[PDB]
Each structure stands twice: as C-alpha cells, then as structure tokens.
C-alpha cells in the first residue's frame, strides 16, 4: 500500500508511507514584508521577483493538500512586540542594513508580531485548523511548539515550501531531518534573495544519498499525491 512522489535523489518518502494522517505541508514565512508589494524587502531594492515566483506553485499545492485532508502548517518569523525574544546580534545586524527589527517600516514595525507586514500574504492565508508557528529564529523549531505539535499529530513526513530557500526553509528542513522527520523540498515552491543560493541550497539536500531528504516539484507532487 506504498505511495511515492517522483523525487531526486530518491522517490519520496523513503518507505512509501504517504498518507493524509502522517504527512504535513509546511508553508514557511510567506509574509508581506518579505514577499509583498510595498513591504520592506520591496522598498529595500532586493530582487522581490525571486521570492514571489513560488506563490502560485504553493497555492496549487496548498489547494490539493487541503482537498485531500493533509495536515497544513504555516510559519511566521517575528518577535514579541517588547522584543524580549530578540537576540542583540540579530537586532544589530538588522539596524546596520537599514531594516531594524521593531523599527517603523512601510507596513508597520519590522518583523514584529501583530503588524501588517508581519502577517501571511492573503493569497496563502491560513484557515481554521491549520497550525501557525510563530518563530523568533530562522529555524521553525527553535523556541517554538512545532515539535510538540508534530508529535501529537503523529506526523512523519513533511513537505517544505516557502521562503527563503537558503535561510528559513533550509534551516527548518535541517532541524526536522535531524529529529527523524522525512522531508521533501519542492524546488518551485521556494525562492531566495539570490538565485544561486536557492539553487545551491537545493543541491545540498541531494548529496550523500539525500542527506537532508529529497527534492521534487509542485506538478509531480500534485499528480501523485494519494
């Protein structure tokens, strides 16, 4: 009763135990300030097109997985409004490049929970019953209840999407993989500030027989999802 998705370097999940009850989609950090028109990344002159590219592929995967009753998880990078969870080095770096965490930005206080720019874009917005993780780090496990939630949901397989490929998505994939989760990265459903770094982060997954999991794409996933 095994089911696989075509993937590189191996068909995923490794053991073919692919079911709605044991598999989650995670959509990482698809937040207005990071990928929306008029947010701080846009206003700062970064190559926003590369982080907007995955929106439509993610929307298709999200719709397909919702329709088949898979677990859906979302994450948002951000800080408590009093900045109690903000490391000093993280703050200092953000100030130095002109996007100081907690400082006023075009869509509210930058990377601050409760602010408009911090929230998930409307095109990928969560619905009731979809867990949202609020993460103070780049990895979604650090200082959150993500692992507790995955354990109570009995999730074994995670399909990763979102931004950026080399920062938050890679970090979360690496954390999950170390703990024994079986992870699939959808290459057309992620993007980064630097396309080369996006491509390299993907390549890194595949080495050593799939050191962090396996890699596929939205079409292959939607076509073969049970």
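Residue numbers count along the first chain shown, from 1.
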Original post:
On average, are the C-alpha B-factors higher in 94-102 or in 140-148?
Top reply: 94-102
**OP:** Taking the mean of the C-alpha B-factors per stretch from the entry, tell me the winner out of 188-196 and 44-52.
**Re:** 44-52
**OP:** In terms of CA temperature factor as recorded, identify the highest of 156, 77, 115, 85.
**Re:** 115
Subject >> residue 37 by Cα B-factor - lowest, middle or highest third of the modelled chain >> reply: highest
Subject >> Third assignment of residue 176 from its chain's C-alpha B-factors >> reply: lowest
**OP:** Select lowest, middle or highest to describe the third in which the CA B-factor of residue 130 falls within its chain in this entry.
**Re:** middle
**OP:** Check where residue 58 lands among this chain's C-alpha B-factors and tell me if it's the lowest, middle or highest third.
**Re:** middle
Original post:
Which third, lowest, middle or highest, does the CA B-factor of residue 107 fall in along this chain?
Top reply: highest
